[PDB]
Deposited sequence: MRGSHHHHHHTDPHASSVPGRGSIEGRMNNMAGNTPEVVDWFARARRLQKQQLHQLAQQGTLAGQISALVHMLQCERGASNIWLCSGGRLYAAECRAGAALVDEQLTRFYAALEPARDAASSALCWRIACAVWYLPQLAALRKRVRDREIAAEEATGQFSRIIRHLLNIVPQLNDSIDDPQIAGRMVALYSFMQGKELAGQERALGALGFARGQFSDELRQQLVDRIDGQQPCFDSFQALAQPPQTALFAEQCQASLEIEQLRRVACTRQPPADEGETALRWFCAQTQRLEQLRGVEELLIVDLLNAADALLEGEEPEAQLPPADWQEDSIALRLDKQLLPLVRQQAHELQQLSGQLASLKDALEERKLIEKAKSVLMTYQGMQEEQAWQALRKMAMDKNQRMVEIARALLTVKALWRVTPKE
């Protein structure tokens, strides 16, 4: 009866949407490439600055050029959206497009070394962050469940990879100074913690050949694992940039492996979109709308937001200090020992430290 008409419209709308999957997939792929080159540029700039202008100048120069190439292709890929993007998507594109022109200024300062590594790192990260924020919004305008599923798996991956890039940066800073402040250490830990939800989401949503590829091509790194423990537990070697470089090179190799997988996710998504363009109701509705999947996308985007917010960072640190007190009081731990205990529980349960701390505070009646 009336029901048939609501399905007829839903189906009409979805068939129209079919024709935008190509432009949408291409934009996502183009955002991925730009972000990747920006990640390369951020890395080279970091070493350039931490080395006092001794190293990686060539890489900075090649990086910037490759970024400029991808910028062109990104602006090209935005064209289809000019007369089709929703209000919310337009806002996301606007914020991303707003920061891009700052590259000129930023590069000059990196070149002249009139900026600190943490600052330049922060500015590259912000540009990247707003570019990535386009993706989930892109997904809100995609009705096909298979493709929306692939978009969220891809975004999850891209977001984990970005947090891996921030791990590289923060760790390089610490090893270059020869010390990790408690602040820097916490940020490093937060960048490592944060990857977990991202790649977990990716594994839950990806296709079997994709996760197979991930497990094979992106194996855990012993050296990175050891270096993480060093940064979190003791003074690094005073080898004047040598350990920083070992860290940087190992992380760079990991990031290149991740990129190899990411490129395949984008190929698979484009091919899948091509295929589609070749033509109980409640149970069916969840499979069609994928509400929990799209929520996951929003949660990762939100997690990203919080890591870039000082308000949020200090809020979470408040909880962690509280949880440390509980361990200090009821368990006779020392401050550093309390922090390490929470950190260890976070690793073992695959949760962030603030999640462990909140958990401890909710059941504190038992202490």
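Absent C-alpha positions map to the deposited sequence ranges 1-35, 315-329, 418-423, in order along the chain.
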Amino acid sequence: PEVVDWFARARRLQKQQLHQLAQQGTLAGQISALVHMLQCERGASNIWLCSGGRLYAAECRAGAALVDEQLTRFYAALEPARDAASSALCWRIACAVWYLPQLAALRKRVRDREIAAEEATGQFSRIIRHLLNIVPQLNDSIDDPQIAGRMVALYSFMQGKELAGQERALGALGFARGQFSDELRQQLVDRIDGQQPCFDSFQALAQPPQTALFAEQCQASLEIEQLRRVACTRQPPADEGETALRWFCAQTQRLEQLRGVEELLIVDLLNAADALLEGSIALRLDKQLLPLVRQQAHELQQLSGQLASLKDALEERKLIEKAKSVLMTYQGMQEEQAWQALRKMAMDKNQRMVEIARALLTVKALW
From here on, numbers count along this sequence of modelled residues.
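Stretches 71-79 and 192-200 differ in mean C-alpha B factor, with the higher average recorded for 71-79. Comparing 283-291 with 242-250, the stretch with the higher mean C-alpha B-factor in the PDB entry is 283-291. The maximum CA B-factor among the listed residues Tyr99, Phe124, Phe180, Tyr155, taken from the PDB record, is found at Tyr99. Residue set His298, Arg42, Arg317, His36: peak C-alpha B-factor at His298 (per PDB entry). Residue-level temperature factors show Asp140 in the highest third of its chain, judged at the C-alpha atom. Ranked by C-alpha B-factor against the other modelled residues of its chain, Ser221 falls in the middle third.
Among the modelled residues of its chain, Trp339 has a C-alpha B-factor that falls in the middle third, as given in the PDB entry. Per-chain ranking of the deposited C-alpha B factor places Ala58 in the highest third. Remark: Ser325 belongs to the highest third of its chain, ranked by C-alpha B-factor as recorded.
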